[PDB]
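Residue numbers (the authors' numbering), protein chains in the order written: chain d3, 2 to 145; chain s4, 2 to 261; chain d4, 69 to 135; chain s9, 2 to 186; chain e0, 2 to 63.
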RNA sequence: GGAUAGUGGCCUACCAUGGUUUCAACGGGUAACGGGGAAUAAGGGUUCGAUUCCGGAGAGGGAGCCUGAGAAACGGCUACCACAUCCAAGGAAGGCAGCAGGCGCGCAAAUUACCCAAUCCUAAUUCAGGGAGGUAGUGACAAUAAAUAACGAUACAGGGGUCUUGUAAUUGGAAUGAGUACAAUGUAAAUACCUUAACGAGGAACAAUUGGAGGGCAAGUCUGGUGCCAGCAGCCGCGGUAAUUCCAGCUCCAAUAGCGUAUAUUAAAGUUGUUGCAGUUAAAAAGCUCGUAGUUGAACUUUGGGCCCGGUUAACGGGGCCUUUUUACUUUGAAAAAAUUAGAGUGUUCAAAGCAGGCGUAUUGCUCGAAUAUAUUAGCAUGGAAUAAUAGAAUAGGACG
Ligand SMILES: NC[C@@H]1O[C@H](O[C@H]2[C@@H](O)[C@H](O[C@@H]3[C@@H](O)[C@H](N)C[C@H](N)[C@H]3O[C@H]3O[C@H](CO)[C@@H](O)[C@H](O)[C@H]3N)O[C@@H]2CO)[C@H](N)[C@@H](O)[C@@H]1O
Ligand SMILES: NC[C@@H]1O[C@H](O[C@H]2[C@@H](O)[C@H](O[C@@H]3[C@@H](O)[C@H](N)C[C@H](N)[C@H]3O[C@H]3O[C@H](CO)[C@@H](O)[C@H](O)[C@H]3N)O[C@@H]2CO)[C@H](N)[C@@H](O)[C@@H]1O
Ligand SMILES: [Mg+2]
Ligand SMILES: [Mg+2]
Ligand SMILES: [Mg+2]
Ligand SMILES: [Mg+2]
Ligand SMILES: [Mg+2]
Ligand SMILES: [Mg+2]
Ligand SMILES: [Mg+2]
Ligand SMILES: [Mg+2]
Ligand SMILES: [Mg+2]
Ligand SMILES: [Mg+2]
Ligand SMILES: [Mg+2]
Ligand SMILES: [Mg+2]
Ligand SMILES: [Mg+2]
Ligand SMILES: [Mg+2]
Ligand SMILES: [Mg+2]
Ligand SMILES: [Mg+2]
Ligand SMILES: [Mg+2]
Ligand SMILES: [Mg+2]
Ligand SMILES: [Mg+2]
Ligand SMILES: [Mg+2]
Ligand SMILES: [Mg+2]
Ligand SMILES: [Mg+2]
Ligand SMILES: [Mg+2]
Ligand SMILES: [Mg+2]
Ligand SMILES: [Mg+2]
Ligand SMILES: [Mg+2]
Ligand SMILES: [Mg+2]
Ligand SMILES: [Mg+2]
Ligand SMILES: [Mg+2]
Ligand SMILES: [Mg+2]
Ligand SMILES: [Mg+2]
Ligand SMILES: [Mg+2]
Ligand SMILES: [Mg+2]
Ligand SMILES: [Mg+2]
Ligand SMILES: [Mg+2]
Ligand SMILES: [Mg+2]
Ligand SMILES: [Mg+2]
Ligand SMILES: [Mg+2]
Ligand SMILES: [Mg+2]
Ligand SMILES: [Mg+2]
Ligand SMILES: [Mg+2]
Ligand SMILES: [Mg+2]
Ligand SMILES: [Mg+2]
Ligand SMILES: [Mg+2]
Ligand SMILES: [Mg+2]
Ligand SMILES: [Mg+2]
Ligand SMILES: [Mg+2]
Ligand SMILES: [Mg+2]
């Protein structure tokens, strides 16, 4: 029983068979395949600067109804086009076409969050100030 | 890496210098000596860090360049000069002398010997061979080569050595129950006598030891230095006389003489 | 307070063994005048470019009429 | 390539942050000691845990073990010397029972209140951090100063300030000088 | 999902709510002195009971 | 044989056909310099290490070389390729992964400062030189310490005549550094720290913040705004007219000179399972049998008896007698860098640290320190002979004198 070798000489059959089944673990897979460095819009980094293409309102999922006010962004280091959500209230007015905004994840391990389908990123800064200091009125966005 | 390395980094220095972590990135890097800079005392360490006579780097030179210090009978100009085991270090204007001998923790101890006993030194004969013309020769731990020696002397003896001249005043052979100072190792700095020498063909003979308090322990033959006849060294050992008192035993003796 | 002090066996022996930055604030010596390290450094780099007295050189300058 | 100057963090923060009860017990300890932030409660429970864990793996060693001898008795002797472990509770078993209020009790703040000199823990601190509670000759303004057992009797007001010695404060010495032109010329 | 909706109303609720000023009020103690007031109001005082030890009720029921 | 400083297919000549591999060669990837170490803190582990120390490699890419004890050197030369500077058009010069500093890159990182005083190195050498190094600027990386108030008075509520807290914004004198600054102190010279004249406290200033208040999860059935809109919401969910959830006011919780967010990683995770998973039906026993590798494989060979010597709190431990007398493993040790981890000691005012210090007669002084233990693989020496392997006389080519 136990289905696995306990023999005193069996170290390699053990050491291997685990190294084999570790591949079933999602977190381990991603590390070996280099998933982030390849398949991710960010390089595997925590943030990306990009530039806004078009302001995008997005319908929500069930059972919710509202327009979510996102943007299309083209990452500078990358060129990969990505859609990011603009949070709080009426901050879409703070970003415009071709505004050069800084992005971050949603904290979801790459998944999309909440009633917003297919948006994995959020705006952090605009023009290099912040979403707070604008929405909280503390600072103000400069001119181009 | 392209040649000789002219620097030493602090934290890379020998531990038995007892340098402090901060105060610089570098140690003195002892000069090319009679002794291996691994196990050796640069003059600056002795004068400045032990005798506390010199406060500076520039100050140690002002002493030597004032012609003050000698070592093993001869004046030593070199700041980093590597005074090793069984050395002399006479300072006339201070009237003192010091024979370098190890602690029971294993560091070079600051040990004053009188205007005599700084006459002679002991050294361990590392090899004895035939030189040119047939002339036999012998050389000590510190690289003294002495010519036309006693046919009894073999490797792993010691030799009593006059300084102002040289040569050989008697000697001590290596056999059961001789006095021995431990040159380096886990047991470095200890003193004892020979319980047995475990022979090993092709390197690393074990030497069994017993001290004045009847403790047993072993080290390498290469680190076994004969210091004389059992219970009677040929030089003056410091306090504890290399007895290796246990850490527990230490605490008492510190809180013993500590009171009123 | 805590500090250090030295009692010398001559004044001429403190005229010798003593670090010279004290000898100014002690009055026994004079603060030396030198341009800042780089200005001191640069002039040395300028001069090694000339191999000689530098005398025949600056004349050959005026041999061809200045620079 | 400077020698690598070392350091450490003095506290360990709790796993489950929001526990409804523990929050209260800490708040009390903040008041019934007179502590600034919850970190000064954390600092001690971390100290205690390493103290405990030290004794934890020490009692695992069958007795007459030099490690249980030399080290275990080097703890007690330090632990009593500050007044935490009572003059004799001394054992490796009685440090494991030693709780968090015992260290906190020995703080210079929680002493300066204890015998005279303060009559508040908030007056205590304010006194400590401002100059004069000094122990012996040296002023020590640290509210955490950790009074040792026999250092106790040497703690009184400091050789300076209105409480222990020369001159009064310049709050009042300014009051006496503003009647100098009022009641004088 | 369906990616083109109205952008017309954004900052709507926020900008149609009336501004309310924050009252000028006594500055609260900092440091240990704030942690002093918390000691009392939770116990040594016993503002509220029924075993709830209510920290912040709407001004009770009656 | 030649070549080297020298061994060696290092190269050449002749000769043979060898050498490695499922115990994983060879090949590919590495967002790979190796190590000391770091994060995590039942145990067993998982993850990381460009980076203070050691070793290695390189100086745009390659190769070649001169000098030399030492270089296949680059702040040396020669060539090529790729850059790139001056030019009078003939020519000439260059290598910041040294210190600064510029452009570029991006989420991502500081002054074209001072100095040889310290640590040290170099030289013909106490003197000179050192962007090694040190100082200072920038510096919320990280770590330590831990101000933002303290005590009465009076006026009402309240606990056995009267304390002792709760509340007034009605007063009362107290205190202190944050600043500010003679000085001296520090220092190479300043800078700041420490010590200190004169100055420095009434709420408005010497005004703490960041997140959150349905559950998880600690704190609003309060008011106003909005009306499945604007928005919140890690997840469950909130909002479609009386919103515990959005925007705010009020209050309240939480941690607090710091709190939040993104990303990675660890714990939780016995959801990688050696410890320690699960597999009839939730994910999952090959259709069936053979079988190489691999892993695994019954028992039996000195058992028992009798005395002795010296050990440590009759239980037990160690060393010898008598009775017909090759490994794997396990202990002890040696040889193990310093940092780092653990840890002894010590009043840096506490502490993080540091490895100093401590007593004195303080008028030519005494003096204890700088302990201790650690990755358990390999190697070396050693005691142990259970366990599991291995050899031994079968056509005797056996042992013995
Ligand atoms: N500015 C830093 C660097 O300077 C370099 O330029 C320098 C080099 O081209 C050349 O430097 C030579 C060097 O080639 C040679 N192999 C060594 C020599 N010592 C250097 O010489 C230099 O230093 C001496 C003082 O020693 C000074 O007279 C002068 O600054 C210069 N001739 O002289 C230039 C300075 O005058 C390059 N432009 C570049 O790598 C970088 O800009
Ligand atoms: N720091 C001093 C010591 O250095 C040691 O360094 C190691 C190596 O330097 C040394 O390696 C060997 C040595 O085994 C042997 N008996 C002598 C030999 N010359 C050394 O090797 C030397 O030459 C080789 C080949 O050129 C180089 O690759 C190597 O870097 C160099 N050290 O052996 C040491 C132990 O393996 C250790 N790090 C340590 O004991 C200690 O730190
Ligand atoms: Mg859903
Ligand atoms: Mg999309
Ligand atoms: Mg900008
Ligand atoms: Mg931006
Ligand atoms: Mg940015
Ligand atoms: Mg040197
Ligand atoms: Mg070596
Ligand atoms: Mg040959
Ligand atoms: Mg050869
Ligand atoms: Mg072939
Ligand atoms: Mg690489
Ligand atoms: Mg790595
Ligand atoms: Mg590395
Ligand atoms: Mg851990
Ligand atoms: Mg663990
Ligand atoms: Mg676990
Ligand atoms: Mg890299
Ligand atoms: Mg890396
Ligand atoms: Mg290196
Ligand atoms: Mg380059
Ligand atoms: Mg020559
Ligand atoms: Mg090189
Ligand atoms: Mg070079
Ligand atoms: Mg080169
Ligand atoms: Mg260069
Ligand atoms: Mg021309
Ligand atoms: Mg640079
Ligand atoms: Mg940029
Ligand atoms: Mg940064
Ligand atoms: Mg960084
Ligand atoms: Mg210097
Ligand atoms: Mg100099
Ligand atoms: Mg001269
Ligand atoms: Mg920071
Ligand atoms: Mg303030
Ligand atoms: Mg100050
Ligand atoms: Mg909120
Ligand atoms: Mg709750
Ligand atoms: Mg409402
Ligand atoms: Mg909520
Ligand atoms: Mg609200
Ligand atoms: Mg696990
Ligand atoms: Mg096991
Ligand atoms: Mg499972
Ligand atoms: Mg199934
Ligand atoms: Mg199949
Ligand atoms: Mg430590
Ligand atoms: Mg068996």
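Quick reminder that beta carbons are idealized off the backbone N, C-alpha and C, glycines included.
Give the range of the alpha helix (DSSP H) segment to which residue i is assigned.
| i | result |
| --- | --- |
| residue 76 (chain s9) | 73-82 |
| residue 259 (chain s4) | Here residue 259 (chain s4) belongs to no alpha helix (DSSP H), and DSSP marks it neither H nor E. |
| residue 135 (chain d3) | 132-136 |
| residue 263 (chain s4) | There is simply no residue 263 (chain s4) to check, as chain s4 begins at 2 and stops at 261 in what is shown. |
| residue 77 (chain s4) | Neither: residue 77 (chain s4) is in no alpha helix (DSSP H) and is coded neither H nor E. |
| residue 123 (chain s4) | Counting along the chain, residue 123 (chain s4) falls outside any alpha helix (DSSP H), though it belongs to the beta strand (DSSP E) covering 121-125. |
| residue 62 (chain s4) | 58-65 |
| residue 125 (chain d4) | 123-131 |
| residue 23 (chain e0) | Unbroken run through residue 23 (chain e0): none, as it is neither H nor E. |
Can you look up residue i in the DSSP assignment and give me helix, strand or coil?
| i | result |
| --- | --- |
| residue 139 (chain s4) | strand |
| residue 131 (chain s9) | coil |
| residue 122 (chain d3) | strand |
| residue 98 (chain d3) | coil |
| residue 151 (chain d3) | The structure shown does not extend to residue 151 (chain d3), since chain d3 is modelled only from 2 through 145, so no value can be given for it. |
| residue 193 (chain s4) | strand |
| residue 154 (chain s4) | coil |
| residue 141 (chain s9) | coil |
| residue 167 (chain s9) | strand |
| residue 236 (chain s4) | coil |
| residue 210 (chain s4) | strand |
| residue 161 (chain s9) | strand |
| residue 19 (chain s9) | coil |
| residue 104 (chain d3) | strand |
| residue 79 (chain d4) | coil |
| residue 109 (chain d4) | helix |
| residue 217 (chain s4) | strand |
| residue 173 (chain s9) | helix |
Per DSSP, what are the beta-bridge partners of residue i in this structure?
| i | result |
| --- | --- |
| residue 226 (chain s4) | 182 (chain s4) |
| residue 98 (chain s4) | 91 (chain s4) |
| residue 84 (chain s4) | 42 (chain s4) |
| residue 101 (chain d4) | DSSP, once it has assigned bridges, lists no residue as partnering residue 101 (chain d4). |
| residue 130 (chain s4) | 138 (chain s4) |
| residue 248 (chain s4) | Note: residue 248 (chain s4) sits in no beta bridge, so no partner. |
| residue 127 (chain d3) | 102 (chain d3) |
| residue 54 (chain s4) | The partner list for residue 54 (chain s4) (beta bridge, DSSP) is empty, contrary to what the question assumes. |
Could you tell me the boundaries of the beta strand (DSSP E) in which residue i lies?
| i | result |
| --- | --- |
| residue 85 (chain d3) | 82-86 |
| residue 161 (chain s4) | 159-163 |
**OP:** Taking only runs that begin and end inside the stretch 18-76 of chain d3, name each unbroken alpha helix (DSSP H) of 4 or more residues, in chain order.
**Re:** Runs of the alpha helix (DSSP H) inside the stretch 18-76 of chain d3: 27-33, 36-40.
Original post:
On the three-pair Cβ rule with 8 Å, is the stretch 10-24 of chain s4 touching the stretch 120-133 of chain d4?
Top reply: Two segments are said to touch when three or more pairs of C-beta atoms, one from each, lie closer than 8 Å; by this definition the stretch 10-24 of chain s4 does not touch the stretch 120-133 of chain d4.
Original post:
Is the number of C-beta pairs between the stretch 69-78 of chain d3 and the stretch 13-26 of chain d3 that are closer than 8 Å three or more?
Top reply: The stretch 69-78 of chain d3 makes no contact with the stretch 13-26 of chain d3; the number of CB pairs closer than 8 Å stays below 3.
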